[PDB]
Amino acid sequence: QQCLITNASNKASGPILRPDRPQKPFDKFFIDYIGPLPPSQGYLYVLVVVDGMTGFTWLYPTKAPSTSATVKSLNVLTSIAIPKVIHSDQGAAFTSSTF
DNA sequence: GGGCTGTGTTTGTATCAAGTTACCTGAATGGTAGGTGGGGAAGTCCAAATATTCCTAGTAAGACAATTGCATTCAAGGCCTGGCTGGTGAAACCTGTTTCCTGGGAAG
Ligand SMILES: [Mg+2]
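Now for a look at the structure at hand.

Scoring rules and cut-offs
- Residues numbered from 1 in each chain as written, not as in the entry; some residues may be left out.
- Chains lettered and ligands numbered in written order.
- Part of a larger assembly, values for the part shown.
- Heavy atoms only, no water.
- Donors = N, O, S within 2.8 Å, 3.2 Å for Na, K, Ca; no water.
- Helix = DSSP H or I, 4+ residues; strand = E, 2+ residues; numbered from the N terminus.
- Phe/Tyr/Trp six-rings, centres within 6.5 Å; stacked < 30°, edge-to-face > 60°.
- Buried < 20%, exposed > 50% of the residue type's maximum accessible area, 1.4 Å probe, protein only.
- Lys NZ or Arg CZ within 6 Å of the ring centre and 35° of its normal.

1. Observations regarding the coordination of the magnesium ion
Within the first shell, the magnesium ion binds the protein through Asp32 (OD), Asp32 (OD) and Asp89 (OD), at distances of 2.5 to 2.7 Å. Here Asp89 lies in the segment after β4 (85–87) and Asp32 lies in strand β1 (residues 28–34), a separation of 57 residues in the sequence.

Structure (structure tokens):
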């Protein structure tokens, strides 16, 4: 067990999966902060909410990727309509028990 | 002559600290190798200190004049002291919450 946890596999994973598109908009949002960018107006982080139906991006810049900076960023966007599913990454701000 | 407040002397216990230690880790030491910093010796040049006089300006002084400063008296106001009332500050009790509090940890 000194040689099992250092050598890496020479066996690639198989074919990638293409999951199907949803059949309506407002079904899957794919959200991920970008940044730290170069600063402007006291902003560094930009929430990016892509619709999984189309590609229709939504931008909601914030000061710092906290939980509450995301929550008010979607209250603008939940004013439009309500999604069923929101995908993300396992972010520092999304995995919080508050969010 | 008397009085008031400060002061002192003695006791008990609670609290605070003194005590000794157990460990356990943090840190404190020992032995070494390396390079670097600094310390030391030198020199041409550099800046200040002196010896001088000279002249001049203001320093020093003597006189005078008048204001100010001082010392006293006057007048009363302001503040200190105390007899009193009560509203809050503090000490003891209880806690939930909040924040930290480094510390570790995950994830983008
Ligand atoms: Mg990301």
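2. So, the packing of aromatic side chains
Taken as a whole and assessed by the stated rule, the structure comprises seven aromatic pairs. Note on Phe29 and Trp58: the rings are 5.5 Å apart at their centroids and 65° apart in plane angle, and the pair reads as edge-to-face. Pair noted here: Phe29 is in strand β1 and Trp58 is in strand β3 (residues 57–62), with a separation of 29 residues, a long-range link. Like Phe29, the residue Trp58 is buried in the burial classification. Arranged with centres 5.1 Å apart and planes meeting at 70°, the rings of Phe56 and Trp58 form a pair that is edge-to-face. Here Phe56 falls in the partly exposed class, since its relative accessible area comes to 49%. One aromatic cluster is present, built from ring pairs that chain together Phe26, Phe29, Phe56 and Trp58. One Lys or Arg, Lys63, reaches over the ring of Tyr43 and ends 5.3 Å from the middle of that ring.

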